Amino acid sequence: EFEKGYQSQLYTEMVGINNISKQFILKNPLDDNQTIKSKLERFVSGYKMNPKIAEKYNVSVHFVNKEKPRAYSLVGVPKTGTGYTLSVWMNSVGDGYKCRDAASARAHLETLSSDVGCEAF
């Protein structure tokens, strides 16, 4: 399908977003947790993907513990009205997952069960 096709181009994009985010961290080791969290949020929500992925998907940065914000994650889920479901999420240590639906992406799930969930790649 074109859709799996797109879910996979979205991952490649998010890898590129993750690579630039790494540089935010290396280049600014003096930033306090508040500052790097907002800097990453601005960078990731401003981020411009390839025009035909940008129309389809939203990417956003999440922090499981906001006082360890160098530990971030990226979530990528369809824009609304597009009729899409397939999603993605990834670690800042580079674990990547393709997810059957946005909710499992937002939930940071790592396995397929109950006909929802995510699996690695």
# chains A, B, ... in the order shown; residues from 1 in each chain; ligands from 1
>>> residues_around(residues="range 67-78 of chain A", least_positions_apart="4", cutoff="10 Å", atoms="only C-alpha atoms", output="PDB file with N, CA and C atoms, in the first residue's frame")
ATOM      1  N   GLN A   7       4.071   5.615   5.768  1.00  0.00           N
ATOM      2  CA  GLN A   7       4.455   5.421   7.176  1.00  0.00           C
ATOM      3  C   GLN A   7       5.960   5.240   7.232  1.00  0.00           C
ATOM      4  N   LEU A  10       7.794   8.467   6.617  1.00  0.00           N
ATOM      5  CA  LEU A  10       7.695   9.269   7.817  1.00  0.00           C
ATOM      6  C   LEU A  10       8.802   8.914   8.853  1.00  0.00           C
ATOM      7  N   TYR A  11       9.154   7.650   8.945  1.00  0.00           N
ATOM      8  CA  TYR A  11      10.183   7.197   9.848  1.00  0.00           C
ATOM      9  C   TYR A  11      11.550   7.796   9.437  1.00  0.00           C
ATOM     10  N   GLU A  13      12.083  10.448   7.836  1.00  0.00           N
ATOM     11  CA  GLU A  13      12.046  11.867   8.182  1.00  0.00           C
ATOM     12  C   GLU A  13      12.314  12.089   9.651  1.00  0.00           C
ATOM     13  N   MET A  14      11.740  11.219  10.466  1.00  0.00           N
ATOM     14  CA  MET A  14      11.818  11.389  11.889  1.00  0.00           C
ATOM     15  C   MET A  14      13.224  11.065  12.381  1.00  0.00           C
ATOM     16  N   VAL A  15      13.863  10.083  11.748  1.00  0.00           N
ATOM     17  CA  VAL A  15      15.322   9.835  11.929  1.00  0.00           C
ATOM     18  C   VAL A  15      16.155  11.084  11.667  1.00  0.00           C
ATOM     19  N   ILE A  17      15.038  14.116  11.930  1.00  0.00           N
ATOM     20  CA  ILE A  17      14.669  15.060  12.959  1.00  0.00           C
ATOM     21  C   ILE A  17      15.436  14.685  14.216  1.00  0.00           C
ATOM     22  N   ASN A  18      15.637  13.394  14.416  1.00  0.00           N
ATOM     23  CA  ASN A  18      16.289  12.902  15.628  1.00  0.00           C
ATOM     24  C   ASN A  18      17.774  13.257  15.579  1.00  0.00           C
ATOM     25  N   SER A  21      18.102  16.944  16.357  1.00  0.00           N
ATOM     26  CA  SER A  21      17.922  17.058  17.811  1.00  0.00           C
ATOM     27  C   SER A  21      19.177  16.655  18.613  1.00  0.00           C
ATOM     28  N   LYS A  22      19.817  15.548  18.253  1.00  0.00           N
ATOM     29  CA  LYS A  22      21.088  15.212  18.843  1.00  0.00           C
ATOM     30  C   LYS A  22      22.015  16.452  18.845  1.00  0.00           C
ATOM     31  N   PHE A  24      21.289  19.588  18.741  1.00  0.00           N
ATOM     32  CA  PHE A  24      20.826  20.585  19.736  1.00  0.00           C
ATOM     33  C   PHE A  24      21.436  20.283  21.101  1.00  0.00           C
ATOM     34  N   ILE A  25      21.445  19.016  21.440  1.00  0.00           N
ATOM     35  CA  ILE A  25      21.971  18.578  22.721  1.00  0.00           C
ATOM     36  C   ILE A  25      23.483  18.731  22.821  1.00  0.00           C
ATOM     37  N   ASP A  32      19.657  24.644  30.792  1.00  0.00           N
ATOM     38  CA  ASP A  32      18.970  23.965  31.891  1.00  0.00           C
ATOM     39  C   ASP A  32      17.825  23.150  31.307  1.00  0.00           C
ATOM     40  N   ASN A  33      17.246  22.270  32.106  1.00  0.00           N
ATOM     41  CA  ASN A  33      16.272  21.315  31.593  1.00  0.00           C
ATOM     42  C   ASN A  33      15.063  22.004  30.936  1.00  0.00           C
ATOM     43  N   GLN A  34      14.635  23.109  31.539  1.00  0.00           N
ATOM     44  CA  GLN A  34      13.537  23.931  31.035  1.00  0.00           C
ATOM     45  C   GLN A  34      13.867  24.444  29.644  1.00  0.00           C
ATOM     46  N   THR A  35      15.091  24.912  29.471  1.00  0.00           N
ATOM     47  CA  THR A  35      15.513  25.539  28.234  1.00  0.00           C
ATOM     48  C   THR A  35      15.638  24.572  27.054  1.00  0.00           C
ATOM     49  N   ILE A  36      16.187  23.383  27.282  1.00  0.00           N
ATOM     50  CA  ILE A  36      16.396  22.464  26.198  1.00  0.00           C
ATOM     51  C   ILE A  36      15.055  21.829  25.812  1.00  0.00           C
ATOM     52  N   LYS A  37      14.231  21.505  26.800  1.00  0.00           N
ATOM     53  CA  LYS A  37      12.852  21.090  26.524  1.00  0.00           C
ATOM     54  C   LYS A  37      12.098  22.064  25.611  1.00  0.00           C
ATOM     55  N   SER A  38      12.071  23.348  25.955  1.00  0.00           N
ATOM     56  CA  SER A  38      11.417  24.274  25.042  1.00  0.00           C
ATOM     57  C   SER A  38      12.142  24.430  23.697  1.00  0.00           C
ATOM     58  N   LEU A  40      13.832  22.132  22.073  1.00  0.00           N
ATOM     59  CA  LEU A  40      13.484  20.959  21.282  1.00  0.00           C
ATOM     60  C   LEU A  40      12.045  21.010  20.749  1.00  0.00           C
ATOM     61  N   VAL A  44      11.174  20.885  16.866  1.00  0.00           N
ATOM     62  CA  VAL A  44      10.374  19.794  16.318  1.00  0.00           C
ATOM     63  C   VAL A  44       8.984  20.192  15.807  1.00  0.00           C
ATOM     64  N   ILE A  53       4.731  14.680   2.935  1.00  0.00           N
ATOM     65  CA  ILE A  53       4.703  13.943   4.187  1.00  0.00           C
ATOM     66  C   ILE A  53       4.141  14.953   5.155  1.00  0.00           C
ATOM     67  N   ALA A  54       4.596  16.182   5.004  1.00  0.00           N
ATOM     68  CA  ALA A  54       4.067  17.288   5.804  1.00  0.00           C
ATOM     69  C   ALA A  54       2.551  17.426   5.708  1.00  0.00           C
ATOM     70  N   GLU A  55       1.952  17.191   4.544  1.00  0.00           N
ATOM     71  CA  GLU A  55       0.478  17.294   4.463  1.00  0.00           C
ATOM     72  C   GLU A  55      -0.203  16.191   5.230  1.00  0.00           C
ATOM     73  N   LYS A  56       0.534  15.132   5.533  1.00  0.00           N
ATOM     74  CA  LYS A  56      -0.089  13.919   6.022  1.00  0.00           C
ATOM     75  C   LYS A  56       0.089  13.678   7.520  1.00  0.00           C
ATOM     76  N   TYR A  57       1.218  14.106   8.068  1.00  0.00           N
ATOM     77  CA  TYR A  57       1.606  13.648   9.360  1.00  0.00           C
ATOM     78  C   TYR A  57       1.954  14.851  10.240  1.00  0.00           C
ATOM     79  N   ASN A  58       1.677  14.771  11.545  1.00  0.00           N
ATOM     80  CA  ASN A  58       2.224  15.689  12.556  1.00  0.00           C
ATOM     81  C   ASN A  58       3.379  14.974  13.322  1.00  0.00           C
ATOM     82  N   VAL A  59       4.470  15.674  13.577  1.00  0.00           N
ATOM     83  CA  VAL A  59       5.532  15.122  14.391  1.00  0.00           C
ATOM     84  C   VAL A  59       5.679  15.927  15.653  1.00  0.00           C
ATOM     85  N   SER A  60       5.857  15.272  16.796  1.00  0.00           N
ATOM     86  CA  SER A  60       5.968  16.081  18.001  1.00  0.00           C
ATOM     87  C   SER A  60       6.887  15.385  18.965  1.00  0.00           C
ATOM     88  N   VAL A  61       7.574  16.169  19.785  1.00  0.00           N
ATOM     89  CA  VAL A  61       8.521  15.635  20.761  1.00  0.00           C
ATOM     90  C   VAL A  61       7.871  15.427  22.167  1.00  0.00           C
ATOM     91  N   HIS A  62       8.114  14.283  22.797  1.00  0.00           N
ATOM     92  CA  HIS A  62       7.483  14.004  24.100  1.00  0.00           C
ATOM     93  C   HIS A  62       8.539  13.699  25.153  1.00  0.00           C
ATOM     94  N   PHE A  63       8.269  14.022  26.406  1.00  0.00           N
ATOM     95  CA  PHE A  63       9.198  13.739  27.501  1.00  0.00           C
ATOM     96  C   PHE A  63       8.567  12.896  28.599  1.00  0.00           C
ATOM     97  N   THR A  82      -7.312  13.250   7.004  1.00  0.00           N
ATOM     98  CA  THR A  82      -6.612  12.510   5.951  1.00  0.00           C
ATOM     99  C   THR A  82      -7.057  11.067   5.741  1.00  0.00           C
ATOM    100  N   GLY A  83      -7.802  10.506   6.701  1.00  0.00           N
ATOM    101  CA  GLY A  83      -8.185   9.086   6.687  1.00  0.00           C
ATOM    102  C   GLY A  83      -7.064   8.101   7.006  1.00  0.00           C
ATOM    103  N   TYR A  84      -5.924   8.599   7.469  1.00  0.00           N
ATOM    104  CA  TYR A  84      -4.818   7.713   7.822  1.00  0.00           C
ATOM    105  C   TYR A  84      -4.745   7.305   9.294  1.00  0.00           C
ATOM    106  N   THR A  85      -4.119   6.142   9.517  1.00  0.00           N
ATOM    107  CA  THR A  85      -3.947   5.587  10.855  1.00  0.00           C
ATOM    108  C   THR A  85      -2.487   5.226  11.197  1.00  0.00           C
ATOM    109  N   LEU A  86      -1.843   4.415  10.354  1.00  0.00           N
ATOM    110  CA  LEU A  86      -0.426   4.016  10.603  1.00  0.00           C
ATOM    111  C   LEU A  86       0.410   5.146  11.217  1.00  0.00           C
ATOM    112  N   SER A  87       1.207   4.833  12.224  1.00  0.00           N
ATOM    113  CA  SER A  87       1.992   5.870  12.907  1.00  0.00           C
ATOM    114  C   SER A  87       3.405   5.422  13.246  1.00  0.00           C
ATOM    115  N   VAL A  88       4.115   6.259  13.982  1.00  0.00           N
ATOM    116  CA  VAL A  88       5.486   5.944  14.318  1.00  0.00           C
ATOM    117  C   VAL A  88       5.869   6.603  15.604  1.00  0.00           C
ATOM    118  N   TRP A  89       6.790   5.961  16.327  1.00  0.00           N
ATOM    119  CA  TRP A  89       7.434   6.620  17.437  1.00  0.00           C
ATOM    120  C   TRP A  89       8.849   6.164  17.570  1.00  0.00           C
ATOM    121  N   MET A  90       9.704   7.063  18.071  1.00  0.00           N
ATOM    122  CA  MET A  90      11.084   6.704  18.289  1.00  0.00           C
ATOM    123  C   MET A  90      11.735   7.391  19.514  1.00  0.00           C
ATOM    124  N   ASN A  91      12.683   6.650  20.122  1.00  0.00           N
ATOM    125  CA  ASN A  91      13.552   7.012  21.257  1.00  0.00           C
ATOM    126  C   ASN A  91      14.566   8.029  20.770  1.00  0.00           C
ATOM    127  N   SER A  92      15.178   8.755  21.705  1.00  0.00           N
ATOM    128  CA  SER A  92      16.458   9.465  21.492  1.00  0.00           C
ATOM    129  C   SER A  92      17.714   8.597  21.572  1.00  0.00           C
ATOM    130  N   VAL A  93      17.584   7.315  21.928  1.00  0.00           N
ATOM    131  CA  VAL A  93      18.711   6.377  21.847  1.00  0.00           C
ATOM    132  C   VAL A  93      18.518   5.510  20.608  1.00  0.00           C
ATOM    133  N   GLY A  94      17.567   5.923  19.775  1.00  0.00           N
ATOM    134  CA  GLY A  94      17.352   5.336  18.453  1.00  0.00           C
ATOM    135  C   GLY A  94      16.546   4.051  18.327  1.00  0.00           C
ATOM    136  N   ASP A  95      15.706   3.725  19.299  1.00  0.00           N
ATOM    137  CA  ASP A  95      14.745   2.648  19.068  1.00  0.00           C
ATOM    138  C   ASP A  95      13.538   3.205  18.300  1.00  0.00           C
ATOM    139  N   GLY A  96      13.114   2.483  17.261  1.00  0.00           N
ATOM    140  CA  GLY A  96      12.103   2.941  16.337  1.00  0.00           C
ATOM    141  C   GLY A  96      10.972   1.961  16.258  1.00  0.00           C
ATOM    142  N   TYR A  97       9.741   2.449  16.129  1.00  0.00           N
ATOM    143  CA  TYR A  97       8.604   1.568  16.087  1.00  0.00           C
ATOM    144  C   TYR A  97       7.575   2.101  15.084  1.00  0.00           C
ATOM    145  N   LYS A  98       6.933   1.166  14.382  1.00  0.00           N
ATOM    146  CA  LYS A  98       5.839   1.451  13.460  1.00  0.00           C
ATOM    147  C   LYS A  98       4.640   0.918  14.147  1.00  0.00           C
ATOM    148  N   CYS A  99       3.575   1.698  14.165  1.00  0.00           N
ATOM    149  CA  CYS A  99       2.459   1.424  15.030  1.00  0.00           C
ATOM    150  C   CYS A  99       1.203   1.356  14.203  1.00  0.00           C
ATOM    151  N   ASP A 101      -1.697   2.386  14.779  1.00  0.00           N
ATOM    152  CA  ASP A 101      -2.634   3.481  14.985  1.00  0.00           C
ATOM    153  C   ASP A 101      -2.023   4.568  15.841  1.00  0.00           C
ATOM    154  N   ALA A 102      -2.529   5.798  15.756  1.00  0.00           N
ATOM    155  CA  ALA A 102      -1.980   6.948  16.471  1.00  0.00           C
ATOM    156  C   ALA A 102      -1.925   6.758  17.967  1.00  0.00           C
ATOM    157  N   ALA A 103      -3.008   6.250  18.553  1.00  0.00           N
ATOM    158  CA  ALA A 103      -3.054   6.020  19.986  1.00  0.00           C
ATOM    159  C   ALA A 103      -1.882   5.135  20.494  1.00  0.00           C
ATOM    160  N   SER A 104      -1.596   4.036  19.813  1.00  0.00           N
ATOM    161  CA  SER A 104      -0.460   3.187  20.195  1.00  0.00           C
ATOM    162  C   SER A 104       0.865   3.953  20.006  1.00  0.00           C
ATOM    163  N   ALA A 105       0.972   4.773  18.946  1.00  0.00           N
ATOM    164  CA  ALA A 105       2.102   5.673  18.849  1.00  0.00           C
ATOM    165  C   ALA A 105       2.192   6.628  20.071  1.00  0.00           C
ATOM    166  N   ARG A 106       1.153   7.396  20.370  1.00  0.00           N
ATOM    167  CA  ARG A 106       1.176   8.312  21.521  1.00  0.00           C
ATOM    168  C   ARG A 106       1.438   7.587  22.839  1.00  0.00           C
ATOM    169  N   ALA A 107       1.116   6.290  22.871  1.00  0.00           N
ATOM    170  CA  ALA A 107       1.221   5.512  24.109  1.00  0.00           C
ATOM    171  C   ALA A 107       2.615   4.909  24.271  1.00  0.00           C
ATOM    172  N   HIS A 108       3.419   5.001  23.216  1.00  0.00           N
ATOM    173  CA  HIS A 108       4.789   4.523  23.263  1.00  0.00           C
ATOM    174  C   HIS A 108       4.813   3.008  23.516  1.00  0.00           C
TER     175      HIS A 108
END
>>> atom_distance(atom1="CA of residue 28 in chain A", atom2="CA of residue 50 in chain A")
27.2 Å
>>> residues_around(residues="residue 115 in chain A", least_positions_apart="2", cutoff="10 Å", atoms="only C-alpha atoms", output="ChimeraX atom specification")
/A:100-101,112-113,117-118
>>> write_last_selection(atoms="C-alpha atoms", output="short mmCIF file (atom, residue, chain, number, x, y, z; two decimals), in the first residue's frame")
data_model
loop_
_atom_site.label_atom_id
_atom_site.label_comp_id
_atom_site.auth_asym_id
_atom_site.auth_seq_id
_atom_site.Cartn_x
_atom_site.Cartn_y
_atom_site.Cartn_z
CA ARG A 100 -0.93 0.26 13.85
CA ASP A 101 -2.63 3.48 14.98
CA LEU A 112 1.54 -6.04 18.90
CA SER A 113 -1.36 -7.47 20.89
CA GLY A 117 0.34 -1.80 19.41
CA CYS A 118 3.74 -1.20 17.77
#
>>> atom_distance(atom1="CA of residue 9 in chain A", atom2="CA of residue 39 in chain A")
25.1 Å
>>> atom_distance(atom1="CA of residue 16 in chain A", atom2="CA of residue 51 in chain A")
15.0 Å
>>> select_by_dssp(residues="range 7-84 of chain A", states="helix (DSSP H, G or I)", output="VMD selection string")
chain A and resid 7 to 27 33 to 46 51 to 54
>>> write_last_selection(atoms="N, CA, C and O atoms", output="compact mmCIF listing (two decimals), in the first residue's frame")
# COMPACT_ATOMS: atom_id res chain seq x y z
N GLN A 7 4.07 5.62 5.77
CA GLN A 7 4.46 5.42 7.18
C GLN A 7 5.96 5.24 7.23
O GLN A 7 6.61 5.74 8.13
N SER A 8 6.51 4.59 6.22
CA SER A 8 7.97 4.34 6.13
C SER A 8 8.78 5.58 5.72
O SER A 8 9.89 5.78 6.18
N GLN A 9 8.24 6.42 4.84
CA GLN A 9 8.88 7.73 4.57
C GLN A 9 8.80 8.65 5.79
O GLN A 9 9.63 9.51 5.98
N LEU A 10 7.79 8.47 6.62
CA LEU A 10 7.70 9.27 7.82
C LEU A 10 8.80 8.91 8.85
O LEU A 10 9.34 9.79 9.53
N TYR A 11 9.15 7.65 8.95
CA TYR A 11 10.18 7.20 9.85
C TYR A 11 11.55 7.80 9.44
O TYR A 11 12.26 8.41 10.25
N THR A 12 11.90 7.64 8.17
CA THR A 12 13.11 8.23 7.62
C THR A 12 13.21 9.74 7.95
O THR A 12 14.29 10.23 8.31
N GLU A 13 12.08 10.45 7.84
CA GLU A 13 12.05 11.87 8.18
C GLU A 13 12.31 12.09 9.65
O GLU A 13 13.02 13.03 10.05
N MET A 14 11.74 11.22 10.47
CA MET A 14 11.82 11.39 11.89
C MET A 14 13.22 11.07 12.38
O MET A 14 13.73 11.70 13.30
N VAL A 15 13.86 10.08 11.75
CA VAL A 15 15.32 9.83 11.93
C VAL A 15 16.15 11.08 11.67
O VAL A 15 17.06 11.43 12.45
N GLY A 16 15.86 11.78 10.58
CA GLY A 16 16.52 13.06 10.32
C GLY A 16 16.24 14.13 11.36
O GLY A 16 17.10 14.99 11.64
N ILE A 17 15.04 14.12 11.93
CA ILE A 17 14.67 15.06 12.96
C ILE A 17 15.44 14.69 14.22
O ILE A 17 15.85 15.54 15.00
N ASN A 18 15.64 13.39 14.42
CA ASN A 18 16.29 12.90 15.63
C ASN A 18 17.77 13.26 15.58
O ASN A 18 18.34 13.75 16.58
N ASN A 19 18.37 13.08 14.40
CA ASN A 19 19.76 13.55 14.14
C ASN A 19 20.04 15.02 14.35
O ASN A 19 21.11 15.37 14.80
N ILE A 20 19.12 15.89 13.95
CA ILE A 20 19.28 17.31 14.23
C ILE A 20 19.11 17.57 15.73
O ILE A 20 19.89 18.31 16.32
N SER A 21 18.10 16.94 16.36
CA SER A 21 17.92 17.06 17.81
C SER A 21 19.18 16.66 18.61
O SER A 21 19.57 17.37 19.53
N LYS A 22 19.82 15.55 18.25
CA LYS A 22 21.09 15.21 18.84
C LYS A 22 22.01 16.45 18.84
O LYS A 22 22.58 16.82 19.89
N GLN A 23 22.22 17.09 17.68
CA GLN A 23 23.06 18.27 17.63
C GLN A 23 22.59 19.37 18.59
O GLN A 23 23.43 20.03 19.19
N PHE A 24 21.29 19.59 18.74
CA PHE A 24 20.83 20.58 19.74
C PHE A 24 21.44 20.28 21.10
O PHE A 24 21.89 21.17 21.81
N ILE A 25 21.45 19.02 21.44
CA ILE A 25 21.97 18.58 22.72
C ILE A 25 23.48 18.73 22.82
O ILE A 25 23.96 19.36 23.74
N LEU A 26 24.24 18.25 21.84
CA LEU A 26 25.69 18.39 21.89
C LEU A 26 26.16 19.83 21.87
O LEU A 26 27.17 20.16 22.48
N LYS A 27 25.43 20.70 21.18
CA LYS A 27 25.94 22.03 20.95
C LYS A 27 25.64 22.96 22.11
O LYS A 27 26.09 24.11 22.10
N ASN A 33 17.25 22.27 32.11
CA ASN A 33 16.27 21.32 31.59
C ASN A 33 15.06 22.00 30.94
O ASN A 33 14.55 21.55 29.90
N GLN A 34 14.63 23.11 31.54
CA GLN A 34 13.54 23.93 31.04
C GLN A 34 13.87 24.44 29.64
O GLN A 34 13.04 24.39 28.74
N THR A 35 15.09 24.91 29.47
CA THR A 35 15.51 25.54 28.23
C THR A 35 15.64 24.57 27.05
O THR A 35 15.21 24.90 25.94
N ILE A 36 16.19 23.38 27.28
CA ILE A 36 16.40 22.46 26.20
C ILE A 36 15.05 21.83 25.81
O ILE A 36 14.75 21.67 24.64
N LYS A 37 14.23 21.50 26.80
CA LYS A 37 12.85 21.09 26.52
C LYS A 37 12.10 22.06 25.61
O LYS A 37 11.52 21.65 24.58
N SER A 38 12.07 23.35 25.96
CA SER A 38 11.42 24.27 25.04
C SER A 38 12.14 24.43 23.70
O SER A 38 11.49 24.51 22.65
N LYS A 39 13.48 24.45 23.71
CA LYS A 39 14.23 24.52 22.44
C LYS A 39 13.92 23.34 21.51
O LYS A 39 13.74 23.54 20.30
N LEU A 40 13.83 22.13 22.07
CA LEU A 40 13.48 20.96 21.28
C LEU A 40 12.05 21.01 20.75
O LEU A 40 11.77 20.56 19.64
N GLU A 41 11.13 21.52 21.58
CA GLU A 41 9.72 21.65 21.23
C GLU A 41 9.53 22.64 20.11
O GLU A 41 8.80 22.38 19.18
N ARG A 42 10.21 23.77 20.19
CA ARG A 42 10.18 24.71 19.08
C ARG A 42 10.76 24.07 17.81
O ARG A 42 10.12 24.11 16.77
N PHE A 43 11.94 23.48 17.89
CA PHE A 43 12.57 22.88 16.71
C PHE A 43 11.67 21.83 16.07
O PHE A 43 11.40 21.89 14.89
N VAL A 44 11.17 20.88 16.87
CA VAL A 44 10.37 19.79 16.32
C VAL A 44 8.98 20.19 15.81
O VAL A 44 8.46 19.60 14.85
N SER A 45 8.37 21.20 16.41
CA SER A 45 7.01 21.55 15.96
C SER A 45 7.09 22.60 14.86
O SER A 45 6.13 22.81 14.12
N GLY A 46 8.23 23.25 14.74
CA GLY A 46 8.47 24.07 13.57
C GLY A 46 8.88 23.25 12.34
O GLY A 46 8.65 23.68 11.21
N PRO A 51 7.26 18.09 1.42
CA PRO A 51 5.88 18.56 1.24
C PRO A 51 4.80 17.47 1.26
O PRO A 51 3.72 17.70 1.78
N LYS A 52 5.09 16.29 0.72
CA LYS A 52 4.03 15.28 0.65
C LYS A 52 3.92 14.39 1.92
O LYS A 52 3.12 13.48 1.99
N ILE A 53 4.73 14.68 2.94
CA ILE A 53 4.70 13.94 4.19
C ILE A 53 4.14 14.95 5.16
O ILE A 53 3.27 14.65 5.96
N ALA A 54 4.60 16.18 5.00
CA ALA A 54 4.07 17.29 5.80
C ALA A 54 2.55 17.43 5.71
O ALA A 54 1.92 17.75 6.71
>>> select_by_dssp(residues="range 40-85 of chain A", states="strand (DSSP E)", output="MDAnalysis selection string")
chainID A and resid 57:63 72:78
>>> decode(residues="range 65-76 of chain A", atoms="N, CA and C atoms", output="PDB file, in the first residue's frame")
ATOM      1  N   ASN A  65       9.974  11.792  31.361  1.00  0.00           N
ATOM      2  CA  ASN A  65      10.303  12.529  32.587  1.00  0.00           C
ATOM      3  C   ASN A  65      10.849  13.885  32.189  1.00  0.00           C
ATOM      4  N   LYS A  66      10.121  14.960  32.467  1.00  0.00           N
ATOM      5  CA  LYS A  66      10.508  16.289  31.972  1.00  0.00           C
ATOM      6  C   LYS A  66      11.705  16.907  32.711  1.00  0.00           C
ATOM      7  N   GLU A  67      12.236  16.197  33.695  1.00  0.00           N
ATOM      8  CA  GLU A  67      13.452  16.617  34.358  1.00  0.00           C
ATOM      9  C   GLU A  67      14.619  15.752  33.845  1.00  0.00           C
ATOM     10  N   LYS A  68      14.329  14.830  32.922  1.00  0.00           N
ATOM     11  CA  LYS A  68      15.357  14.192  32.111  1.00  0.00           C
ATOM     12  C   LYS A  68      15.041  14.414  30.626  1.00  0.00           C
ATOM     13  N   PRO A  69      14.965  15.676  30.182  1.00  0.00           N
ATOM     14  CA  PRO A  69      14.468  15.916  28.843  1.00  0.00           C
ATOM     15  C   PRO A  69      15.472  15.574  27.720  1.00  0.00           C
ATOM     16  N   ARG A  70      16.743  15.328  28.040  1.00  0.00           N
ATOM     17  CA  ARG A  70      17.603  14.722  27.008  1.00  0.00           C
ATOM     18  C   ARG A  70      17.101  13.316  26.601  1.00  0.00           C
ATOM     19  N   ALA A  71      16.270  12.732  27.457  1.00  0.00           N
ATOM     20  CA  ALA A  71      15.551  11.507  27.151  1.00  0.00           C
ATOM     21  C   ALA A  71      14.193  11.784  26.441  1.00  0.00           C
ATOM     22  N   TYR A  72      14.217  12.149  25.184  1.00  0.00           N
ATOM     23  CA  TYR A  72      13.004  12.607  24.590  1.00  0.00           C
ATOM     24  C   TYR A  72      12.568  11.483  23.704  1.00  0.00           C
ATOM     25  N   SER A  73      11.377  11.624  23.134  1.00  0.00           N
ATOM     26  CA  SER A  73      10.927  10.746  22.081  1.00  0.00           C
ATOM     27  C   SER A  73      10.192  11.544  20.981  1.00  0.00           C
ATOM     28  N   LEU A  74      10.022  10.940  19.816  1.00  0.00           N
ATOM     29  CA  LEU A  74       9.299  11.595  18.701  1.00  0.00           C
ATOM     30  C   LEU A  74       8.089  10.765  18.323  1.00  0.00           C
ATOM     31  N   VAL A  75       6.961  11.421  18.133  1.00  0.00           N
ATOM     32  CA  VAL A  75       5.772  10.723  17.766  1.00  0.00           C
ATOM     33  C   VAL A  75       5.281  11.293  16.452  1.00  0.00           C
ATOM     34  N   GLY A  76       4.894  10.432  15.535  1.00  0.00           N
ATOM     35  CA  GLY A  76       4.417  10.922  14.275  1.00  0.00           C
ATOM     36  C   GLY A  76       3.138  10.224  13.908  1.00  0.00           C
TER      37      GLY A  76
END
